[PDB]
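Structure 1 and structure 2 below are two forms of the same protein chain, each written out on its own as structure tokens.
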Structure 1
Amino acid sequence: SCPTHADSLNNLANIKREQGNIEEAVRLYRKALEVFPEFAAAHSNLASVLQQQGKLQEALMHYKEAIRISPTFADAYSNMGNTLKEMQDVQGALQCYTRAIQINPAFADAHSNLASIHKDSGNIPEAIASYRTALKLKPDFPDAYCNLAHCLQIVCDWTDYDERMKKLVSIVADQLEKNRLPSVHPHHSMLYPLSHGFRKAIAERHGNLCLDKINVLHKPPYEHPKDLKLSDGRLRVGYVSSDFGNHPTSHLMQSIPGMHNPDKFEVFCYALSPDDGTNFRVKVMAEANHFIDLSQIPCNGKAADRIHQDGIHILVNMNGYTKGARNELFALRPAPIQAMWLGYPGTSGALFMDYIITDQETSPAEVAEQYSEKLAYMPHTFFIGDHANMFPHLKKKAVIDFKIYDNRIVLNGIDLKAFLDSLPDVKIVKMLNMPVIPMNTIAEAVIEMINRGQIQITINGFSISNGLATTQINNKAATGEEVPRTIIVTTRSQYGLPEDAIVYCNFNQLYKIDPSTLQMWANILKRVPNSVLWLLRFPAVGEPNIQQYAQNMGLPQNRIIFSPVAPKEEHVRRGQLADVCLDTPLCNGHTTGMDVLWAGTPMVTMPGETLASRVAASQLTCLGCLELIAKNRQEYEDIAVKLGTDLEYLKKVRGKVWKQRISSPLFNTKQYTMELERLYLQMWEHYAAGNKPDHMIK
């Protein structure tokens, strides 16, 4: 037959794929293969759309067919790499990309896909070089440009930052106008100066990818319950998460399933990840009424069937657009009410989510247009943490008077009070109050342990541990799986912090910092002569960039001190050494905001307009420290400078945080669960009365 026939079907299918007509594309590809069975391009193109539909094994089969027909078919190798990467076979992906680039060194797409492996592997310098090769070969390449831009964000390379933001916004505008998937990921859109409409549109279009993967299942709509009779009057809530394990989300809410009222609620936890063997997974499996390992049910149709058979009334999406999500489960709507909660700081933009659980501080009603969901308000803040359960050894502290400071040499421990009963020369300072160990024999031995770098010592039968050696003493304590047994010593000397100056800290990933933020921090340090900035090597290759820009702003290098990433327990504990935390305005600290407040460290924040830029102020409002919340950059700076220069004020504010972390609702998981339950019932009564979702802002 004429070659134009199969060629025309293949090329028309390519167009249909571009337009989003995936089902039509599949038909045309398969008809092309009917007309011309040995059609390498059609095999590879078909496999591309099957990949997009989640039919990964069938895609692999057709990639291999294409390559059998054409051993040097570089397109097919690069496309196959993308499928192996999605299947988590990183080595196979690399072997495919390196083969494609060996066949065709000028293959722009293959260089950019290779770069995505280096980016995910933590090799940012090599990712950057490969993205730049891709853009050299194909100067108009939105995927490469935007992922390169995020590489540069990660390492705080701000070269031509203003022009980078221009082009990012231009790319998104063009892709949205042309009905294409934006090359900016929803979770990254918060970092760039895009309109709220663009951010919600980015999210909606990423959610539509889930539709392509469920439509091939041809499942009918689910019949949903309209009463609680089958559940004996109990409301069935299902928590869906890939992060039941050693993950920050468990560090936040692992207590909540077990605190639900069993008289009125039946709790189902659907894990999207296998059991990692940590106590976090043990606890949720033991305390939930039911625990379902969906990682054993990879078909989203069969997994949604399981949710529906359990009779779930409210299904809670804890992933949003993060690693491990299976939002296909929510697209299938196995429950009549589906809510976003906690794990993802932003809107799904998707029709299959009814609510986002938030609060009036985080998401004031006047910005409801930023969200596709209806707002459902928790009464104080929607954020929560398990710090009271995980880190009770930090509820009290004592210090050593090496001369009195509350944050130069710090001891914490469960048996710390019992220990101090034995030391007759301890002094009690009332700003609860703080015991002060004088510079005696015991104190000298503790300081000798730190200076000498010993792991622990024993005094009066009490184990005293070096705070830098927790993983050698008890790995489960370092991770937060268990409460440390010993008395732990934490000191500014351990981290190179000055003994006689103000320490401002921020322990966030460096990509949450932008030039405007560092300039603001620079203005503060210039106004507090005795002061340094304490930051984290995340990643370390960002350190020289921050240092270079800080010096361009008039800050010498010795004003910024970096520490490595620490295990969870040390990370929270060493926050006690700072005087003040400077929150990132672009995207706040979220978990890290809870962490510093639990240590008693005041956090200064300037809430923005996005959900992610307003969480810290929501936390401080619940805590009851409205004076740490700035309305603009001037106020942010003035607040931080006053804290660093008026030491009586600093003592007062730190005392407020230290006390109100306990007395306010911020860390009260029992009160949170109770209020969360009241919110679920408002949702259920609303649905049971035959109403579509509406704002629950009271």
Structure 2
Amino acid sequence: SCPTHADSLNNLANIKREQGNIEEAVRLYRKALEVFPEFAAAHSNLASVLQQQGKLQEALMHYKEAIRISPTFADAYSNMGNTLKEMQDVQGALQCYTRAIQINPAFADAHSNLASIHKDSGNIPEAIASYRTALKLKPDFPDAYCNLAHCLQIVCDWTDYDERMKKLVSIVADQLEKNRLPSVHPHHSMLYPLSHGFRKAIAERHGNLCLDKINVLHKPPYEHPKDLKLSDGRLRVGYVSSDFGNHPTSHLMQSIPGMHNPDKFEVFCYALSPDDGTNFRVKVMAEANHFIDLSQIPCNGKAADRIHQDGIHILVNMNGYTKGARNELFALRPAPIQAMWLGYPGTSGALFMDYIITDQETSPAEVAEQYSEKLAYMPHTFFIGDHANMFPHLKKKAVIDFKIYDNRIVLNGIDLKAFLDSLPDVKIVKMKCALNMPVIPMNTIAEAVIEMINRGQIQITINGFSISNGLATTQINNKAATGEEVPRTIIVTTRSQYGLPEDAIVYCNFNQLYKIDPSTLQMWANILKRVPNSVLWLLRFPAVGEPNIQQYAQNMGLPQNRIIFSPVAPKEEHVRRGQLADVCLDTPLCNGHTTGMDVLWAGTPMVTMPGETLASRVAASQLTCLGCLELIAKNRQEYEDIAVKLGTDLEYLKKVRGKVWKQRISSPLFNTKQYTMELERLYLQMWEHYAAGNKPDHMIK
């Protein structure tokens, strides 16, 4: 019952904790509490190691004790908050934060945590405010600084940008050198000028967080299959994602599990999130050989057991370091071969991952040192899209002529042909080097369509055919607006709907604004200045970034009307309105990935400049697969030149649009059947290699 004794125990456990011996520390803390139970400091310490080990429910118990013993303990309130946050009790976490701030107005950590809550809930201006307050109270505060840095990045606040990037590097450099966990998230490292080494290290450090959380389970190594006998000659492939539902990932690969060859493969889909009722989740469950809902097995131990009992040979990680990931499953290694795929544009940096599925364009062998996994190449690009299936109505288009452009007033529809054949005089414009663009002339009918658009009407009727206003698809068929269903009506899309000029080159970029940096905007200003008859089309993504971007745009000499903003739209509208643009200017810092497949499906030429990171090379990979090497810039000047040519030489622009318009169908880019077959071949290399007794090595065909 001696406090001086218990205190000595506490001091000793801190020692064991800094040596990285988490397990012995817990034993010492527990000894201190057995001696002197009213020991606030011991409860608080034991709580944060229990939190590290993912034993949240029990850590919460000890934080509460620490609070009862010392009601002035703002540090304990703030930590207990983090625990509740991790338990998905954000209401209770918020209470813990504000209460710490009430007790100690100058307690920086609580302000930083309060900010994070806002940052997660999309309230960026509020998060930015609380971070700034935390930094005023505690100027040397890496976590706060780096998160604020990301907030500023999100809304395009480039105040002291150059100096900011320099301090981020200095922070990561100092933390890595002192063997601490870097304040920069692995997913965000792709945005800052860190060395390839630093990025991988960050990733690794983060991957190790899973280890304390699984070591606690005390699980033995799993015995993996050495053959395919128990699976009747079938390779068992497990796809693990928290995004089987209305999420970009499903928009890319939902068709794949059903395209696997049942003779050689047995597809197991492991959902980390619960059913959201969308068709995406419905399709994958219906076409996968087995669909397992792991969201109902919260214990990573019991969940990995499930995977192992299914007998998976190749386990595929589609989350990496994104929201909803449960990499503890991979840390446990329930499969002999575990690969990174599609969902995360980076390296896990962790031992528990063997391959990263990619291609020679995205990840050339000379930069194989930015990954920790062995490279596994797909023949063309590793990127795939399900556009051919989700938006087949965009396979053909038709225009209306107002005195011929291919992107001023556009009609799409599965029944578009039958409607045209009902019209009196339709001119059929040929595309050279089997393809044509029907042109509806300015008639009484063509006037009624314009009319519906100008008056903001939902829809009209022409010769019994249903003509829909592209702005109101969600009132006509919400499932069709989200991409879950193919539209059953003919849709009209115009530049007037979005305030785009009818007589100008339209450069577009439909990415989140965080992908844009000062150097990129400067590049785009140079283009707009060299092509005076043009505008830049961007999205309010988020809206608060618009005033910031516009502000810098005018510092570069661009009048307001040069950049035109639109609101974020439903999937189908988003993809469809891409048809309106003449050219898409890709962001070099982090390319449009899904967004890249989007603009390409509309037959819109995309100009890109491949960097060194995987994230910055996906666009070029897409383009080479498509067959457009002349849209790939080697440097900033060639990028600006390529865009200035497409903008000023109208025949060259017509020729390239015609290329993308044809090749998006003829190339293997949107071919999910071929892609799946290539993927299967890649798997079999992986398996043959492992069965032959070898350890993972690069897979270049």
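Think of the rigid core as the biggest set of C-alphas that the two forms share within 1.5 Å after superposition. Along the sequence of structure 1, residues get numbers from 1 upward.
Rigid-part membership, decided by the better superposition fit of each C-alpha, differs between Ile15 and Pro142 in the motion between structures 1 and 2. Domain rotation between structures 1 and 2, with the chain taken as two rigid parts and C-alpha atoms superposed, amounts to 11 degrees for the smaller part. In the rigid-core superposition between structures 1 and 2, residue position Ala41 carries a C-alpha shift of 2.6 Å.
Comparison between structures 1 and 2 places the CA of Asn11 4.2 angstrom away from its other position, after core fitting. The rigid core superposition between structures 1 and 2 gives a CA shift for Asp89 of 1.8 Å.
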